[PDB]
Amino acid sequence: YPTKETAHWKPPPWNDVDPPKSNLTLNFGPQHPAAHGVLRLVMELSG
Amino acid sequence: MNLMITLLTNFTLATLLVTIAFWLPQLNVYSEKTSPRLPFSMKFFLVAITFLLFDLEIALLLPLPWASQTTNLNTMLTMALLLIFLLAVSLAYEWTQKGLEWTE
Amino acid sequence: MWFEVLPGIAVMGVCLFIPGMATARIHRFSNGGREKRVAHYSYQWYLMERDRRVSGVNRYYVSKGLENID
Amino acid sequence: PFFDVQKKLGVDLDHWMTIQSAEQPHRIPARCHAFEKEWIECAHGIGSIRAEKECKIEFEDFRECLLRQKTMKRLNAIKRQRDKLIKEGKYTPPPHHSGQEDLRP
Amino acid sequence: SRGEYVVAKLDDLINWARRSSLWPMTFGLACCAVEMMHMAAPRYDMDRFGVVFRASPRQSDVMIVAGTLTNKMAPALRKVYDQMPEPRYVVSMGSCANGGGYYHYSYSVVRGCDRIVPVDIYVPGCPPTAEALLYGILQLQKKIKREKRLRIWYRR
Amino acid sequence: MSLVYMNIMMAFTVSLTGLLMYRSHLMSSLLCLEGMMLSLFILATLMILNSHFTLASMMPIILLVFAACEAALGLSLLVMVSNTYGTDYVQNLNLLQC
Amino acid sequence: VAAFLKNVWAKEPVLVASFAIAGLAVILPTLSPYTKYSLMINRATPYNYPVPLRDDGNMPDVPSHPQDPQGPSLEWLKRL
Amino acid sequence: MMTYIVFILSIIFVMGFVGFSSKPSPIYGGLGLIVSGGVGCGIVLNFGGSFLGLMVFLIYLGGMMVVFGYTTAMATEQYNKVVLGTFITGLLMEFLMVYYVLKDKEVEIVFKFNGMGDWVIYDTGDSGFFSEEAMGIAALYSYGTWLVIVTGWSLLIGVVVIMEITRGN
Amino acid sequence: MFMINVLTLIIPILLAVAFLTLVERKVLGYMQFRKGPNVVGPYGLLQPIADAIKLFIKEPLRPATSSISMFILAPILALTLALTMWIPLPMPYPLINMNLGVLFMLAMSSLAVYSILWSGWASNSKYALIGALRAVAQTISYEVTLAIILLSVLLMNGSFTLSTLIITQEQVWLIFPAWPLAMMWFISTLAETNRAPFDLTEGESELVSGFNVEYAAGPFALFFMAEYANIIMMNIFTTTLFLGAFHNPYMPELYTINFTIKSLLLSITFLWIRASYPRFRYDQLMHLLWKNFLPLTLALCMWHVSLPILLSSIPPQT
Ligand SMILES: CCCCCCCCCCCCCCCCCC(=O)OC[C@H](COP(=O)([O-])OCC[N+](C)(C)C)OC(=O)CCCCCCCCCCCCCCCCC
Ligand SMILES: CCCCCCCCCCCCCCCCCC(=O)OC[C@H](COP(=O)(O)OCCN)OC(=O)CCCCCCCCCCCCCCCCC
Ligand SMILES: CCCCCCCCCCCCCCCCCC(=O)OC[C@H](COP(=O)(O)OCCN)OC(=O)CCCCCCCCCCCCCCCCC
Ligand SMILES: CCCCCCCCCCCCCCCCCC(=O)OC[C@H](COP(=O)(O)OCCN)OC(=O)CCCCCCCCCCCCCCCCC
Ligand SMILES: CCCCCCCCCCCCCCCCCC(=O)OC[C@H](COP(=O)(O)OCCN)OC(=O)CCCCCCCCCCCCCCCCC
Ligand SMILES: CCCCCCCCCCC1=C(C)C(=O)C(OC)=C(OC)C1=O
Ligand code: SF4
């Protein structure tokens, strides 16, 4: 029975599966800049 | 009572050290400086849950030095080896189903 | 040479020696020249409170021997 | 669906933690062991309906052992009347209720 | 009087503490990194002066600029300098950090790091020896020793 | 009855009405659930120590172990919800109205 | 079984020591002659009070004094 | 005052529960539940549950609330009216209950409650050379055989269940 | 009189933590073929004083914090737990003689990860929080083997009482019946205090210790001195636990000298391990816990349960 409140309701998907609806980027540098110190690394980490 | 006095004294000395370490370097007026979700990992949460469940198994294991004093020693030894074996079986299922991977 | 580290180790060793020696001397000063009574179990506390009541001075460490009976 | 498997097989899975009057480690008595033993040995075998109206005195003594409501209410009455008589000045406390009498043992 | 004496002895205490516990951040940009690493090597050994090797850049006292500052790393230099807690000092090590050096006329080199940060000690060389850098560190300590922060505070 | 039992039961009801009135976060709901467990732990422990009922001294430990494993299950549910929707909000869990 | 044992002792000796120590801990108390004495010592440790018996007239094994001959003895524990 | 120590710790306990249950954020709610667990542990310790209070610290605060703060740190973001209003609401309800049960030595919310210090209800005897609480917990291995079986089975199943539902497949 | 005893515990703790920095820099100096500090004091003895006065008048760094309250409470909790871990330590007499001192220390050390967690929350950087969660997962991982090794050793002690553990070791050091427990204990306490080769926050294998990152952090001296109080305390606890000394009840100073010398040697062993090895990768010390230490710890736990039963050597409760 359609009402004003239950008006926007669509039926669920047929397989009852909904759409799902990234990875880290690190701008890296050497810890103590004694040895290298002049390195820049743009990482793309996945954890 | 003496425990509460000692806890209050340790808390007081710690708070005094923290209050000094925040307010003593504010004595020297400095040049006021005017220039100018996190990614989820499943393994980080899984190592914490594995910790929690093995810690509950440890909570079962903690009354053993009192449990050896019993007169029902055969039952006690059976259940003691059984709890340590179930902890080992939890570890083996955590092993073999790729649960301890990339934080091994 | 390597014996130059021994003044710092000696100062740190004196600083670790102070707490234990301190608590032993304070336990002997607060308890009539003897060890502090250890009451982990309620029987030990019962005997200790009985000592406090029989000593007459509200102090468990005042020991009453055979001079207290007739 | 109380499938009484324990009484059927003779196993004791949880009857040991069930009451306070059971076998305890190192024979430690519960603080209301006698009251619970009296209420259980009263109410045994006669069912709940007869047990609520025929073993009422044993259960009341046992509930008042557990909760100590009548004891604390009685001490409240005595302590309030004592404090009223102290405030009115019509009562003095004895030396053995002030720490002045070198206790018994 | 009495207050001048008290602020003089307190200057002596805090200057002693700050010079005798220098924690260096090193911009090891170029060849002078190798010679600072020799100044921390067991012969010269900065750590016996209180000058710890590989200190944290977040809690460092002196920024040792040891190498060629290029135009591409000048804002990173200034950013690390701006993240330093005061009192912060800067030792400029070597000719390229002092004045451009061998790359003075380059299109891509900052002609001395003093165009970017204030410099306290200029240590000359290509590279200056590890002994010469330790000389510059001890001259920085002498410069801290004659500071008058509380005496000038008292006289204002 | 005793005066501390009032406060421990009132703590249970405070964490109950916290758990029965969500704001946004499912984590705060789980915090209220384990506060309910904490108040139950303290209340059972005070009864069992007061009664000198010896064998039920192992009861609050079994309560703690089972309900902390329950809490681990709930945190894993929250983690799967957070990996679905990005947050742990209970207003994102509304697909089952239709 | 000798090839597998040397192979797992070459590849995973921590697990071999683990299963060996665990297997000894399982099967060893049933083979030890002193496992009896653990039970004997735990049941001989007097936590409670030895609540005495009313002498009805026929209890020949129960002593009348602690230093009497009859009764349970711990000479096996003094000697071992 | 000092005879009311368990009562004062229980008041701090209820204040901490009104604190986190009003739900400012799961971070501060976790902090309030930590302080509440500590003071409720002190309540347990002042009856002679020394092992059970150390079980609170070691297990509850030590493992489980650490895992709650850990999982909160992975699910909240680091940088109201209703929280502070419900906080002072619960605080006023609790202090009105305190005031009634103190001025009257009696109250009835759901049950009747004494107003004296809960020192009154203790035992006047000893336990000898053991703790009764320690021996009752030690009997988990000689008397709680079925209890150990079902607890260990639930924990093993719990490990299996967490590895199932966090797998995503 | 009791407050005198509390202060003569806790103030020499801070002085020993001060001079442990000197002992560390010197002993790491001579092992690295150089000297440690010898300029600031005679033989370097004024280096902790100068360094502490320097750290206490240094500016709060640059940035602001996400949560003021946890930024304050994390050093308070760290120092409070680092000071309360010392009060049941029997040396030969504990300050607070409790029946459950072992379980007290295990619980208060389990509470120590909240300082790391709240300092990760209180920083503004979302990368420092990730580093804090890695550190929390490390510390809670090695607390498992701390608990089980500690339980396995206490099965020969009879109780959780720390003062009984002097009586237990009157005939032999307890490292002789339990040396695999002792070495996994020592390495697990090493991995507890974030100490090299397990120091991933203070080193590399870290997403945030990477030179010109954000993250307002606390005053470094407080967490540092809490950490060194924990290092000296865990070495004293290992000394009590496995290398317990002779105690004459009429001469307590003999036990105090003996456990002090052993605790100094064991803290220098921490210093000598950190100057000898490279660092683990994070999953390598997760491997070392979960796949290496925990199987042997469970196996030796079964062994130390069943072993006093089969040898008729069950220790007394009292
Ligand atoms: C208390 C005072 C101090 C105590 C001693 C400690 C001082 C010495 C410290 C040295 C420096 C250590 C720095 C950190 C090192 C960390 C790395 C490391 O060692 O990893 C451990 C390594 C890890 O393994 P791994 O990484 O080297 O090897 C590869 C591992 N797999 C195959 C999984 C990839 O070994 C262990 O885990 C051993 C732990 C202790 C072993 C105890 C042995 C017991 C033996 C019983 C008998 C066995 C015989 C068979 C059965 C017989 C039955 C009758
Ligand atoms: C009313 C009167 C009081 C007024 C207020 C003052 C209070 C007292 C403050 C301390 C004393 C003030 C003077 C401080 C030192 C001044 C003199 C000085 O710097 O002498 C230099 C000398 C070493 O010479 P140097 O220049 O280093 O040469 C290199 C080696 N050839 O240096 C040395 O030989 C060593 C100098 C050591 C400094 C003193 C010792 C340290 C401070 C101890 C007290 C404060 C800290 C207490 C503990 C804090 C926590 C650990
Ligand atoms: C019976 C007494 C009670 C026994 C139960 C109690 C055990 C206590 C110890 C707890 C151990 C917990 C973890 C167990 C996990 C077992 C599964 C496993 O580890 O398999 C993987 C392993 C290969 O390792 P991998 O996956 O490659 O590791 C990464 C690095 N390469 O695979 C292997 O290395 C092979 C593992 C299986 C074979 C091991 C044989 C050891 C034999 C020792 C002597 C006999 C001892 C008695 C027990 C019977 C053993 C057959
Ligand atoms: C449990 C044990 C704990 C032990 C903790 C302490 C360990 C180290 C012990 C001290 C070792 C020796 C320290 C010597 C420091 C330097 C003294 C000195 O003379 O410094 C020179 C400086 C300037 O003197 P000036 O007048 O310029 O001389 C020119 C001469 N024509 O003169 C000055 O700066 C003025 C004088 C400063 C003297 C400072 C002495 C050290 C103070 C340290 C603080 C703690 C004191 C001990 C507290 C605990 C024990 C009671
Ligand atoms: C962020 C907030 C601030 C953070 C910094 C400060 C808080 C954290 C650090 C403090 C932690 C306190 C832990 C104190 C309890 C430890 C357990 C305990 O009491 O053990 C000692 C002892 C047990 O041994 P036993 O011999 O069996 O008992 C005596 C009978 N003969 O038992 C006794 O001796 C019993 C003595 C009486 C009971 C003591 C109760 C203490 C007060 C209540 C808890 C206080 C802490 C609350 C907050 C915790 C952290 C949030
Ligand atoms: C209350 C006493 C405070 C003393 C403070 C001493 C701090 C340590 C100085 C040297 C040092 C060591 C050993 C150190 O290990 C370390 O971490 C890598 C530092 O930070 C960069 C250090 O600066
Ligand atoms: S001043 Fe010279 S030697 Fe030094 S870093 Fe520059 S180019 Fe290299």
Side-chain angles (χ1 to χ4, degrees), chain C, chain I residues 1-2 4-5 7-27 29-30 35-38 41-45 47-48 86 89-95 97-99 159 161 163-164 232 236 249 252-253 255-257 259-261 263-264 267-268 317-318:
Chain C
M1 286 176 64
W2 62 271
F3 51 85
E4 299 265 316
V5 306
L6 295 178
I9 297 173
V11 171
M12 183 178 171
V14 171
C15 292
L16 289 176
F17 179 78
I18 291 168
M21 179 268 289
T23 185
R25 290 183 65 87
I26 289 165
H27 286 172
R28 288 181 292 175
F29 183 76
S30 298
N31 292 309
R34 285 175 286 153
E35 287 182 350
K36 188 176 181 178
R37 185 69 57 84
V38 179
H40 289 162
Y41 294 136
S42 60
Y43 177 69
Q44 293 167 350
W45 178 256
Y46 181 75
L47 295 183
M48 185 177 174
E49 287 292 316
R50 187 183 182 275
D51 292 338
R52 189 180 65 83
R53 290 190 297 274
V54 300
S55 64
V57 296
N58 200 1
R59 298 292 188 269
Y60 71 97
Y61 60 92
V62 175
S63 296
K64 300 293 182 181
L66 292 182
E67 71 271 14
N68 204 2
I69 60 99
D70 57 353
Chain I
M1 186 58 69
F2 176 70
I4 295 172
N5 200 359
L7 266 67
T8 56
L9 176 61
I10 63 175
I11 293 171
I13 289 168
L14 301 180
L15 295 173
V17 165
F19 287 95
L20 175 60
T21 64
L22 175 59
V23 172
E24 183 184 8
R25 290 175 62 184
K26 290 290 288 183
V27 170
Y30 283 95
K35 296 180 187 289
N38 57 358
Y43 308 100
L45 267 295
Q47 181 70 51
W86 290 76
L89 286 176
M91 49 186 175
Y93 303 107
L95 179 64
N97 195 1
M98 59 182 75
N99 200 5
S159 65
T161 300
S163 294
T164 305
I232 304 169
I236 290 175
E253 292 86 5
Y255 186 85
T256 308
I257 289 165
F259 101 99
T260 297
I261 292 167
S263 299
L264 287 175
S267 182
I268 291 167
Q317 178 185 357
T318 66

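Values below: every heavy atom of this structure, side chains too, minus hydrogens, waters and symmetry copies. Labels below follow one simple rule: chain letters A, B, ... track the order of the sequence lines, proteins then strands, and each chain is numbered from 1.
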Rounded to the nearest 0.5 Å, what separation is found between the [atom1] atom of [X] and the [atom2] atom of [Y]?
X	Y	atom1	atom2	answer
C:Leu16	I:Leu20	CG	CG	9.0 Å
I:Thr318	C:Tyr43	OG1	OH	12.5 Å
C:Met12	I:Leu22	CE	CG	10.0 Å
I:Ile268	C:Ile9	CD1	CD1	3.5 Å

Heavy-atom cut-off 4.5 Å, strictly under: side chain, backbone, both or neither for [X] against chain I?
X	result
C:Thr23	both
C:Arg34	neither
C:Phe17	both
C:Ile26	side chain
C:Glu35	side chain

(message) Does this structure show an ion pair linking C:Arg28 with I:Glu253, if we count only N-O contacts that are shorter than 4.0 Å?
(response) yes

(request) Please say whether more than 12 non-hydrogen atoms of neighbouring residues, nucleotides or ligands are located less than 6.0 Å from CZ in C:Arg53. (result) yes

(request) Measure the shortest side-chain to side-chain distance between C:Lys36 and I:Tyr93 over non-hydrogen atoms and say whether it is less than 4.5 angstrom. (result) no

(message) Quick check: do I:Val23 and C:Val5 have side-chain heavy atoms less than 4.5 Å from each other?
(response) no

Which atoms of [X] approach chain C - backbone, side chain, both or neither, heavy atom under 4.5 Å:
X	value
I:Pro42	neither
I:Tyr30	side chain
I:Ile236	side chain
I:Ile257	both
I:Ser163	neither
I:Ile232	side chain
I:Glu24	neither

(request) Please report the closest heavy-atom contact between C:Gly8 and I:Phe19, naming both atoms and the distance. (result) O-CB, 4.5 Å

(message) So which atom in I:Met1 and which in C:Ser30 form the shortest heavy-atom distance, rounded to 0.1 Å?
(response) CG-OG, 3.5 Å

(message) Please identify, among I:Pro249, I:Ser263, I:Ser267, the residue contributing the most non-hydrogen atom pairs under 4.5 Å to chain C.
(response) I:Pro249

(message) What verdict does the side chain to side chain contact (heavy atoms under 4.5 Å, CB included) test give for I:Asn99 and C:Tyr41, after you've listed the backbone C-alpha separation in whole Å, the side-chain angles of each residue and the deciding distance to 0.1 Å?
(response) CA-CA 8 Å; I:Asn99 200 5; C:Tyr41 294 136; 3.3 Å; yes

(message) Tell me which one of I:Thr8, I:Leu9, I:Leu95 satisfies side-chain contact (heavy atoms from CB on, under 4.5 Å) with C:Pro19.
(response) I:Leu9

